[PDB]
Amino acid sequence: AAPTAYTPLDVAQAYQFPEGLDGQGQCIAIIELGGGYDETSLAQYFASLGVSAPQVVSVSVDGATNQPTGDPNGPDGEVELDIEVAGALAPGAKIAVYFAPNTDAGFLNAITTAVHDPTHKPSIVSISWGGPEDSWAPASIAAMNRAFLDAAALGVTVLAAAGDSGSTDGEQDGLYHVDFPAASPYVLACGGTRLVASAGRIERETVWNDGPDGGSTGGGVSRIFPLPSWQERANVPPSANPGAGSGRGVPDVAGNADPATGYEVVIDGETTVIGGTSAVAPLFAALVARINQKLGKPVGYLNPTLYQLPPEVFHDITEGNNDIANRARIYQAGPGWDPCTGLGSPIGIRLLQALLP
């Protein structure tokens, strides 16, 4: 396969992000449950891409703080990857990073604190943290979902990585599981692809699946939320879990996540390649930032609208499956919406165009 890597700009070009728009006037919130970011590596990275470095600021929730541990392989990787990908692509936007303790309550408070923030007023929030929906406490899931509902009502977009361990989401109970908060019908669930592209076009884009050891995109059918009414025409299948219950299909969209075709970033002074679905949420959040800029108002809750747009708005991923546990190939990609890549990778200009009144 020969391992390769792209810079965030390269991917954005492949997905045809709208030119002449950089997030000017927008604020992107990013939730972090641990680690931190150092300004030295951010300045270097933004300088290296020739974009004017966006203002980045940390917010403390329940006493949590921006505390990079210095380990390029730890949580800093998540924090700096999120910041670099979103800022590199929406340099005109202001980035607000919310640090909360790694608990259900901290996660929730971080979310509600950002959504209702009068000082930073974000219109978009990026989430690259989560867990299988079946393991969360019901009360947590209920409160989280409500907060996501409130975000929808207020016109704030919320994106979340669908997970990096295929259809089983890293559990060893023999069942399939989708990840939360991705599972929430109020968040735009971000899946992962293996993208082979040059600036002029996409030579190939398939489901991200490197097996148990390399990871694979989360995706499947929720066991908690029923199929949303606006997703009833997407042909979501019934869960593969004996019982075959119907439910909200994950994800909604997908973008390059395979680390073998990863993103070049600088983590704690270290230049490297990182991937996974957590790179996808910031990727599209900057996409959203550009649309919001062009349009007069925040696009907010996008799901219902996305599922009703014409085929031209998306590059259909039809090859691959996200099964890393067995040979059943559960949740395979196919024509149209699928439990691996949902509607596929968006085409920036066409998405913008479709939403330009």
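One-based numbering along the sequence shown.
Averaged over CA atoms, B-factors in the entry run higher in 172-180 than in the other of 201-209 and 172-180. 42-50 and 320-328 differ in mean CA B-factor, and the higher of the two is recorded for 42-50.
Within the selection 78, 258, 150, 134, the deposited Cα B-factor values reach their highest point at 134.
Ranked by Cα temperature factor within the chain, residue 264 sits in the middle third according to the deposited record. When all modelled residues of the chain are sorted by CA temperature factor, residue 301 is found within the lowest third. Ranked within its chain, residue 13 lands in the middle third, by CA B factor from the PDB record. Among the modelled residues of its chain, residue 346 has a C-alpha B-factor that falls in the middle third according to the deposited record. Among the modelled residues of its chain, residue 278 has a C-alpha B-factor that falls in the lowest third according to the deposited record.
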